[PDB]
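Inside the fold
One letter stands for each residue in the lines below.
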Amino acid sequence: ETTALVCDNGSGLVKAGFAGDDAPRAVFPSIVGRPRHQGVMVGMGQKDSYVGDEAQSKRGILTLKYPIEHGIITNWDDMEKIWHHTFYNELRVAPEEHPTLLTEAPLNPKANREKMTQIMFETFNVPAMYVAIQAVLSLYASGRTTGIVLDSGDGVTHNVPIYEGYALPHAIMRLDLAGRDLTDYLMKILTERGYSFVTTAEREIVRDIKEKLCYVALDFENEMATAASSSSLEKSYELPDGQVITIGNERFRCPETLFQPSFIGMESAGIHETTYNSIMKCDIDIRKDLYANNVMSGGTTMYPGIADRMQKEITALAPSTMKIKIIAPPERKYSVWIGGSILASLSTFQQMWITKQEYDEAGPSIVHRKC
Amino acid sequence: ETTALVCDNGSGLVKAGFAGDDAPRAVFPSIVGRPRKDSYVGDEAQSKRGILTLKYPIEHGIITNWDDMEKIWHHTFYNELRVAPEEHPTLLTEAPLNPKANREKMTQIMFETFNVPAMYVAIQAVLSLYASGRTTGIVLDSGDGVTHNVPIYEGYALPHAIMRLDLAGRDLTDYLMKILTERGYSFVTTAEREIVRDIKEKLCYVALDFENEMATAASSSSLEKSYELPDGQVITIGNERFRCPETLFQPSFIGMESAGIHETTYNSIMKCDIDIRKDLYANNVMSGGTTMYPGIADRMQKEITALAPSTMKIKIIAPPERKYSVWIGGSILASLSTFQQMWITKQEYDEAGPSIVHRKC
Amino acid sequence: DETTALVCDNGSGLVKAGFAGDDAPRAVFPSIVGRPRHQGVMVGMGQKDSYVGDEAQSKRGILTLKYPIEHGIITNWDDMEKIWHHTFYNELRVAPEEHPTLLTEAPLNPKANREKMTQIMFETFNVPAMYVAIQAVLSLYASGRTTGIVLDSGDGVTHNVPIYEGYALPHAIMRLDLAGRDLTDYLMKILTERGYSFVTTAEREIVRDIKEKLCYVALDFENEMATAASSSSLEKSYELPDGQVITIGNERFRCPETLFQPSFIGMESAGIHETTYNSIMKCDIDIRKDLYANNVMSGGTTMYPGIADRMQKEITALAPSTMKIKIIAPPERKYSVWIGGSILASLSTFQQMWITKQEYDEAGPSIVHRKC
Amino acid sequence: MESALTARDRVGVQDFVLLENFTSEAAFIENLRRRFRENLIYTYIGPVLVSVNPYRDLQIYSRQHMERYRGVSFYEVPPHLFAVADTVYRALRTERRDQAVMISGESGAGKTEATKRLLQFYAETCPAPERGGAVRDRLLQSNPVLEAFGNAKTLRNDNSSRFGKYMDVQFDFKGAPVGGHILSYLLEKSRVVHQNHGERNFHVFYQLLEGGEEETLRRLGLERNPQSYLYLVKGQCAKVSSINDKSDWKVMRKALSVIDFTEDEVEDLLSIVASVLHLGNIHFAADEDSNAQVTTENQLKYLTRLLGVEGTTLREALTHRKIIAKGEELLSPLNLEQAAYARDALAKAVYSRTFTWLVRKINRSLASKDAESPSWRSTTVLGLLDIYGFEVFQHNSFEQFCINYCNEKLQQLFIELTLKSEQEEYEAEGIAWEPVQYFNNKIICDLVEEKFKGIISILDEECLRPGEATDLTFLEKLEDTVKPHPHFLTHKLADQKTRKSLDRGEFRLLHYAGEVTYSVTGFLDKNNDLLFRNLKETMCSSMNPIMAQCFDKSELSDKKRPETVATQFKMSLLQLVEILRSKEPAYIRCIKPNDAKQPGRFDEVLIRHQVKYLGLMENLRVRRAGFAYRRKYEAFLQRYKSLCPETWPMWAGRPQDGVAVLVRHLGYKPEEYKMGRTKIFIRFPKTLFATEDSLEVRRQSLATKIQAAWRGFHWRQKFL
Amino acid sequence: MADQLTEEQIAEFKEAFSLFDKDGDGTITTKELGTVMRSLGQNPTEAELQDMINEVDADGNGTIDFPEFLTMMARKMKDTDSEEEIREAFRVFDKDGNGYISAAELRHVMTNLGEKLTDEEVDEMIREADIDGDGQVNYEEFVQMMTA
Ligand SMILES: Nc1ncnc2c1ncn2[C@@H]1O[C@H](COP(=O)(O)OP(=O)(O)O)[C@@H](O)[C@H]1O
Ligand SMILES: Nc1ncnc2c1ncn2[C@@H]1O[C@H](COP(=O)(O)OP(=O)(O)O)[C@@H](O)[C@H]1O
Ligand SMILES: [Mg+2]
Ligand SMILES: [Mg+2]
Ligand SMILES: [Mg+2]
């Protein structure tokens with residue numbers, strides 16, 4: 001073998017596989033679990049820590065942690081455990097054979113790339129690697145040279161505007177709010193019905209409520225009126241122990257935090273204003289071309305009704321004659337991956353990867369010259 | 001030689017043997033008789049019970065009488081197992097939330113009276129998982145002196161979700177000694193507790209619906225059964241056959257405030273985190289002698305099905321060898337290759353004194 | 001009185017009640033309803049089917065004792081009505097329709113708790129005007145401060161609410177269902193290590209009285225554990241109601257340490273020191289400094305000896321060292337929420353904020369979600 | 001003997017300790033090829049015979065050769081099977097300790113021929129040849145009966161013995177062969193119930209189904225197709241062209257007759273073999289308590305007729321574990337895993353016991369009719385042992401793991417005895433032990449067998465540990481507990497370079513025969529032998545005469561849990577070792593020179609594997625010790641005294657001092673030789689070959705002197 | 001040096017030499033020197049004879065005189081090869097050391113090795129080495145017959 005690896009490490013789930021695949025081979029939570037409790041059955045062969053679907057299976061005995069928070073790697077020992085598990089347990093390949101494409105968010109600390117680069121060359125010994133900005137990959141998963149991408153993952157939401165292959169880096173806008181902050185708001189508003197979720201193992205239950213039940217209100221003050229005056233919007237979820245939750249306005253007060261970050265206590269404007277102020281910060285005669293081309297990606301763009309509310313809201317800010325389109329592909333949870341497999345199969349980018357030779361010549365500051 | 005000893009001293013019977021066996025060799029009542037020899041022990045005392053004041057040195061899993069508990073360990077090793085304890089490491093059992101002095105003085109007496117080479121003390125409901133072949137489940141151990149619940153998941157205990165009930169088979173004997181006096185049968189002496197225990201062990205069963213068995217016995221004699229005493233007087237018993245095992249489901253019959261064995265089990269499962277509960281409802285293990293009544297796994301399934309959500313599957317694991325399951329699990333544990341690193345040695349006891357059990361066990 | 005405001009801090013372990021304008025509450029009673037266990041035999045006695053407060057707790061031996069409130073949630077509304085009835089009729093001795101009544105609640109509560117407190121207060125006690133405060137905002141009214149972060153620690157709830165210059169910050173509010181009852185149920189477990197089998201709902205109150213008298217917070221927990229493991233001088237004797245003299249040793253500072261290590265009780269949540277710092281570093285653009293300068297401690301589990309010095313030490317290890325971490329522990333801090341509600345309901349400006357009986361006729365029990 | 005060393009360029013060295021580059025395996029295999037081309041199939045490593053199969057009727061076994069090797073010391077003659085045969089007989093007549101001969105090799109390497117021909121030398125030359133010939137025929141006519149029940153087809157050969165066969169001949173104080181004995185050790189009884197791909201079960205089942213009267217099968221499960229039975233078909237290999245199962249059955253059925261099985265004893269024995277087939281077809285299902293119950297009645301309909309037990313009792317025994325405590329007996333039910341293991345443990349136990357009973361039935365037919373008891377003078381046994389070779393396949397498994405641990409333990413014993421046998425002579429002759437370094441077999445037996453950390457004690461725990469348990473969880477515990485060991489490796493412990501050769505779900509041992517890689521899949525299923533007391537208590541009640549003798553009532557007293565197959569194998573192996581430590585073993589090691597079964601073809605690519613599997617290079621290392629050669633000064637001086645003027649024709653005094661002047665004339669440097677208490681030692685064969693090459697030129701002068709003397713005498717005879 | 005010939009020994013040597021002279025020329029053939037020495041019971045090797053003949057063949061003629069015959073006689077009389085050396089030399093060709101050699105093994109070494117018997121001389125040797133006709137020679141007895 002010689003095919004490239006790709007690793008879309010992003011905040012919530014790891015995604016990994018080979019360039020030229022359709023879809024990731026590994027898709028698992030970016031968690032490390034460590035035992036919370038007194039080990040008592042001798043001879044069990046209990047491990048010191050559990051990663052991904054092992055930790056997501058054994059939740060009740062583990063304190064779960066994610067090393068990535070807001071797209072920034074906060075714990076390198078846990079992140080090296082996630083990368084070792086990715087190569088060795090999920091893909092079952094030696095990293096020393098394969099050039100590796102990593103992904104990350106715009107406006108991240110420069111330390112995060114340097115330490116990724118150092119671990120890929122000094123701990124996993126890859127022959128060559130690269131870092132690519134996630135919303136660029138999501139643009140080029142779409143088969144487009146021009147567009148603005150909203151890329152709400154688990155921990156960060158960014159808009160990147162790209163015109164005929166050129167990013168406009170002054171019109172990049174980043175918001176440190178996404179699906180993990182929505183799970184933490186849903187924990188807050190679920191306590192109003194009387195349900196209590198407090199452990200990290202319960203945060204993963206509330207995340208699963210949110211992915212199955214929540215949806216985006218095409219007019220929040222009208223769904224608020226319909227939920228305050230009927231049982232027509234309420235749905236139920238069966239917990240692991242068979243208790244039955246029921247929720248109504250909690251289904252759309254959570255997703256509405258994307259449009260009103262003041263619910264979570266932030267001053268910054270919603271994803272619709274953040275998008276529009278990225279389009280209006282661009283040059284006057286490339287705006288018409290970005291309004292026609294709002295790609296969306298990452299899982300926090302997956303709610304029923306979110307493309308419709310986003311299309312309603314940018315149409316409310318834009319000139320009356322503009323043809324707004326929002327490109328929400330069915331697979332948009334994997335567009336950063338699909339982009340990474342394509343923009344690593346290309347013959348023209350095989351000269352763009354950082355080689356271990358160039359790392360030995362310059363140390364970990366090599367990524368800022370290259371990427 | 002140098003195999004391990006395994007010894008479940010619990011409250012009513014000593015069960016003892018070696019880690020290699022299918023089942024224990026010594027099974028005798030945890031009794032010292034004194035004249036009413038200067039003392040008699042176990043099956044010797046239970047046979048000569050007319051002339052004796054039979055005292056049990058364990059009450060509610062606590063050793064209350066160390067001089068008579070030394071006689072029971074002396075009879076265990078030297079008469080029943082017939083070995084020198086200096087050659088064998090010894091696995092003892094204990095109840096969960098016991099006093100710390102009970103472990104300290106067990107440990108001091110194994111190292112300074114029996115010269116044992118290495119020892120360990122294990123929780124009874126923990127051992128009763130090994131005999132069940134499981135590493136996930138909630139174990140209701142219910143002996144003579146203690147009923148307790150230990151919840152375990154993937155081989156980790158939940159020590160905050162442990163529940164203990166100072167009510168088991170001896171409180172049921174002593175309640176059958178109360179409710180049988182309503183038929184004009186008198187049982188007062190320590191030797192008459194053994195006769196009434198032998199009644200409980202033969203005639204009692206757990207009613208599936210108590211208030212309907214009450215009405216059934218009031219209607220007709222079909223629930224009445226008979227037991228010849230050792231002088232050939234015949235005792236006939238009826239309503240009193242299911243009143244006694246009901247005291248596990250209704251600790252109010254004996255004047256305690258505690259919830260029944262069904263609610264004490266549910267209240268451990270509710271002290272466990274949401275993810276674990278579905279696996280505990282499918283793995284309610286039962287062990288020790290007061291779990292032996294006809295109908296008790298059926299009543300426990302009926303009572304926990306009414307507490308647990310209707311989409312859960314409730315299963316209660318009640319093996320025929322329930323009585324020996326604590327000891328059988330001790331035989332498995334003392335056999336494990338991984339466990340041989342975990343014995344307290346006499347060399348560590350010389351460094352740390354009796355306090356070492358709180359660090360190791 | 002004409003219409004002096006009733007102030008009823010119906011807390012999770014104690015009902016604290018009085019009239020606004022008094023220095024401190026008139027009624028302070030255990031929040032318990034008790035019913036007899038054993039059947040009555042002395043036919044000439046006027047035996048009641050239920051006892052409440054002091055009537056239940058002076059008779060605890062023969063009663064099974066139940067609280068209506070668990071973790072600030074009213075779990076049993078009938079035992080609740082029996083306790084408010086006892087408060088108005090027996091303890092304060094006034095008709096509730098003649099007095100406007102301030103109630104208190106913990107933050108992040110179930111919404112059916114405010115609605116049912118409201119509904120009972122109009123449709124049963126016929127109160128003329130009612131409002132449902134939040135307890136940590138009352139300990140600032142009590143402290144005479146517009147700014148602070150309040151650690152309020154009851155029988156059933158611990159919570160941190162940051163208020164800066166009169167504005168609460170509802171994203172930064174932390175709640176921890178761990179307080180004086182969890183510490184009592186864990187002292188019942190600690191005392192098993194010397195064989196004391198406290199098990200009845202009556203003996204829970206004996207273990208509570210040990211916790212109120214011998215328990216304290218270690219300034220350094222591993223240093224006190226090493227001290228208790230090597231000396232007798234930390235031990236204290238306690239005389240149980242019948243005359244048995246118990247002895248308590250490391251068991252007395254290992255109980256309060258569960259506020260700083262909830263993992264002792266088997267919880268995954270962080271200690272009260274981390275839950276304070278994790279709320280200050282949830283605060284907005286300007287304010288983080290002035291909350292470190294005003295950590296206000298409130299409610300009965302903040303009464304332990306050594307808790308202010310421990311909280312000051314534990315937050316000083318998390319917070320940036322140029323900051324002054326200053327912790328406010330007034331001697332009255334067990335009544336601080338009631339004293340606070342006595343200031344609020346006395347305010348000339350507050351008098352438009354009451355839900356009035358008329359407003360509950362114009363709109364249903366949801367009115368407390370609009371007015372508070 | 002040195003007479004052959006002049007021809008060492010074509011005929012090779014006779015004993016490999018004389019091959020000069022003794023650490024070169026390529027020279028060892030070259031000296032084997034050099035001899036085998038020359039038809040010299042026998043060579044020593046000191047006393048150990050190395051043999052290579054001629055695939056030809058060489059005339060060397062005839063009566064004229066036996067008496068050539070009779071009463072002659074084994075290094076004063078060329079190597080032969082009869083030089084081992086005579087030496088083993090003389091040690092019996094003279095030390096009167098018991099003697100053994102390990103015949104060793106690959107399957108097909110000629111082990112049969114060595115055993116048949118040793119039992120010819122002890123028949124055709126011993127002082128009761130009529131009884132000796134009868135004991136030979138009773139020892140050899142047992143072969144079809146043991147071969148049907150204990151050989152199976154593997155990936156490597158069609159007819160491989162899966163047990164350690166033993167055969168004594170019993171001798172009195174007069175050296176008369178009085179009788180024999182047979183025993184059988186370490187049978188691969190896992191093969192009854194599980195076979196690897198391309199491998200059959202033991203030969204009798206396919207013999208029975210392929211060859212048999214319709215009325216003989218009609219009393220049993222009568223469907224002729226061997227795919228009908230789960231225990232015959234797991235290997236997918238049932239039909240094969242190289243094995244004429246119909247003819248093999250007709251030979252074996254007549255061998256049972258001729259061995260004195262009465263017809264009813266064969267009908268009993270066929271009924272046991274058919275009971276083992278039917279035990280495989282029992283299907284369990286779980287009722288709503290997750291407890292196993294027999295679903296299919298047609299197996300049990302015959303198992304009552306054939307095993308001779310009560311059907312309601314066999315149903316209960318296959319589905320409940322009986323415990324006995326306080327005098328009560330408690331039937332705890334089995335789950336589907338335990339009930340499958342109970343059925344397969346009963347098949348393994350019924351089969352390994354009818355085989356042990358065939359070996360008793362035969363052995364009791366070899367024993368003496370005489371009383372053999374005091375004041376009878378003495379009796380001594382001379383034995384042949386024939387246990388399986390080291391075993392490396394494409395996919396090694398639990399059977400190979402046991403076979404290779406057995407061969408490791410036998411190699412350990414053998415190298416300890418060889419090292420002891422050299423060191424006792426260095427001490428006796430007063431030579432310093434110049435310390436050889438050699439592969440230390442102790443470390444790799446401690447890795448397999450050490451009481452609470454060996455692979456077997458970890459595997460015994462994985463069958464006994466609570467919770468769900470897998471071959472991968474076993475491996476994950478080896479990887480944690482064995483971890484730093486030098487002879488152990490796995491895909492996790494392997495460096496990135498070696499990790500290409502080794503899969504996940506495998507571990508690797510370094511054995512004396514090099515590395516072997518074991519797949520863990522099936523280790524837990526193969527190690528479980530859950531024969532509960534309830535199953536033995538059923539079987540001891542049987543109406544079938546064999547099963548009644550196989551499951552005795554006294555065995556039911558044992559209160560231990562059922563031991564695992566690796567633990568039973570460890571215990572039985574250490575009993576085979578103490579039998580070989582007490583006894584005096586000779587060794588024969590057999591090489592198969594090509595896999596085509598062909599004359600003259602020597603295939604070094606195959607012979608390198610056997611020479612490695614037989615450990616011949618490690619034995620040569622230890623036997624060679626510090627010195628290639630040693631000989632008594634009398635024997636060395638009477639040979640080479642013609643080279644040094646002072647010693648010729650007769651030396652002046654003590655032979656050691658005659659050698660001490662002779663080796664000074666030959667100019668041996670001080671490190672090339674040593675002078676022991678009664679032997680000269682020579683360090684390198686260089687020195688010896690040069691001395692025999694000095695004697696070869698000296699023969700010209702010796703012959704010249706004889707011819708000059710004759711030509712002088714000739715005149716005085718022919719005239720006057 | 002070692003010994004000097006007595007007039008009676010010179011007379012015996014001259015008397016034997018006269019049978020090889022016969023016609024009265026007083027001279028013997030260069031190879032025939034061995035035959036007269038062997039008639040006189042000496043055991044010379046062909047190599048010894050040739051190594052002495054090299055000192056007298058130098059003028060051709062093919063024959064040697066009585067004085068130089070008497071000199072070459074006196075040279076070999078220093079060291080005639082004796083019974084115990086001859087016996088032990090046979091003991092090196094004996095394969096067992098048993099004291100007997102087969103007619104075939106003797107026929108082999110006597111034709112193969114230095115100074116070689118011709119097949120006629122081997123048959124003449126075997127004719128009285130195989131003394132009682134069983135096919136083996138007892139070399140220990142044969143040497144004491146041969147060296148008398
Ligand atoms: N068949 C039975 N039916 C009901 N109770 C039983 C039965 N067998 C034993 N018991 C009761 O079980 C108790 C002993 O259980 P055991 O497991 O041995 O507890 P312990 O170890 O403390 O002695 C005694 O009170 C005894 O009377
Ligand atoms: N001096 C004290 N020392 C320790 N604990 C105390 C002390 N005084 C009260 N407590 C505990 O505080 C709790 C009562 O506090 P309080 O604020 O009145 O509770 P609540 O408002 O929820 O009803 C009880 O658990 C009580 O035991
Ligand atoms: Mg991700
Ligand atoms: Mg007991
Ligand atoms: Mg309070």
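To continue, consider the overall build of chain B. Looking only at helices and strands, one finds 14 helices and 19 strands in chain B. Taken over C-alpha atoms, the radius of gyration comes to 21 Å for chain B, in line with the 21 Å a tight globule of 361 residues would show. For chain B, the C-alpha atoms occupy an extent of roughly 65 × 60 × 35 Å along the three principal directions. As presented, chain B carries roughly 13,300 Å² of accessible surface, and 47% of it is formed by carbon and sulfur atoms. Each charge class in chain B can be summarised by its mean position, and for the 37 positive and 47 negative side chains these summaries are 2 Å apart.

Bringing the site of ligand 2 into the picture now. Residues and elements named next belong to chain C. In the vicinity of ligand 2 there are 17 residues, among which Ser12, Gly13, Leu14, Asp155 and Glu212 approach most closely. Residue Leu14 places a main-chain N or O atom 2.8 Å away from an oxygen atom belonging to ligand 2. One of the side-chain nitrogen or oxygen atoms of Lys16 is found 3.0 Å away from an oxygen atom of ligand 2. In isolation ligand 2 offers 580 Å² of accessible surface; the protein chains occlude 91% of this area.

The next point concerns the site of ligand 1. Residues and elements named next belong to chain B. Inspection of the region around ligand 1 gives 17 residues, with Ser11, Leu13, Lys15, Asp144 and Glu201 positioned closest. Between ligand 1 and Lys15, the relevant distance is 2.8 Å, taken from an oxygen atom to a side-chain nitrogen or oxygen of the residue. A distance of 2.7 Å is found between an oxygen atom of ligand 1 and a side-chain nitrogen or oxygen belonging to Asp144. When ligand 1 sits alone it has 580 Å² of accessible area, and the protein chains cover 90% of it. Only β2 (13–18) and α6 (190–203) provide two or more residues apiece to the shell around ligand 1. Ranked by residues supplied to the shell around ligand 1, first place goes to α6 with three residues. A per-class count over the shell around ligand 1 returns three nonpolar, eight polar and six charged.

Looking across the six pairs of chains in contact, one finds the most contacts between chains D and E. Of all C-alpha pairs spanning chain C and chain D, none lies closer than 24 Å, and the two are not in contact. Regarding chain B and chain E, which are not in contact, the minimum distance between any of their C-alpha atoms is 59 Å.

Here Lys592 of chain D shows up in the loop between β16 (584–591) and α23 (604–613). When its relative accessible area of 3% is taken as the criterion, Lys592 of chain D is described as buried.

To continue, consider helix α6 (residues 200–213) of chain A. Given 3.6 residues to a turn, an α-helix orients residues that are three or four positions apart in the same direction. All names here are of chain A. Taking 1.5 Å of rise per residue, 14 residues should cover 20 Å, and α6 covers 20 Å from first to last C-alpha, within 8% of that figure. Judged by how many residues are buried, α6 sits mostly within the fold: ten of 14 residues are covered. Restricting attention to buried positions, one finds in α6 the residues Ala201, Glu202, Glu204, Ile205, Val206, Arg207, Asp208, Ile209, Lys210 and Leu213.

Time to look at the pattern of salt bridges. All names here are of chain A. Following the criterion strictly, the structure yields 134 salt bridges over all chains and no others. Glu204 is the salt-bridge partner of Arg207, the closest N and O atoms lying 2.8 Å from each other. Of the two residues, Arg207 and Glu204 both sit in helix α6, three residues apart, roughly one turn of that helix. Among the residues examined, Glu204 registers a relative accessible area of 3% and is labelled buried.

According to the domain assignment, chain B consists of domain 1 (1–31 + 58–121 + 324–358), domain 2 (32–55), domain 3 (123–168 + 258–319) and domain 4 (169–254). For domain 1 of chain B versus domain 4 of chain B, the distance between C-alpha centres works out to 34 Å.

So, about the interface of chain A and chain D. With nine residues of chain A in contact, the opposing surface of chain D contributes twelve residues. A buried area of about 870 Å², summed over both sides, lies between chain A and chain D, and 46% of it is on carbon and sulfur atoms. If you look at where chain A meets chain D, you find two salt bridges. Here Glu97 of chain A and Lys500 of chain D are joined by a salt bridge, their closest N and O atoms 2.7 Å apart. Put simply, chain A and chain D have six residue pairs in polar contact between them. For the side of chain A that touches chain D, the per-class residue count stands at four nonpolar, one polar and four charged.

Quick notes on the rules
- Residues numbered from 1 in each chain as written, not as in the entry; some residues may be left out.
- Chains lettered and ligands numbered in written order.
- Heavy atoms only, no water.
- Helix = DSSP H or I, 4+ residues; strand = E, 2+ residues; numbered from the N terminus.
- Rg over C-alpha atoms; globule rule 2.2 N^0.38 Å.
- Areas by Shrake-Rupley, 256 points an atom, 1.4 Å probe, with all protein chains shown as cover.
- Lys, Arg positive; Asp, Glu negative; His and termini not counted.
- Charge placed at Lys NZ, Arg CZ, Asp CG, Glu CD.
- Near = heavy atom within 4 Å.
- Polar contact = N/O pair within 3.5 Å; in protein donor to acceptor, adjacent residues only side chain to side chain.
- Nonpolar A, V, L, I, M, F, W, Y, C, P; charged D, E, K, R; others polar.
- Contact = heavy atoms within 4.5 Å.
- Buried < 20%, exposed > 50% of the residue type's maximum accessible area, 1.4 Å probe, protein only.
- Expected span 1.5 Å × (residues − 1).
- Salt bridge = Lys/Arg side-chain N within 4 Å of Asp/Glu carboxyl O.
- Domains from an automatic or database assignment.
- Buried area = accessible area lost by both parts, 1.4 Å probe.

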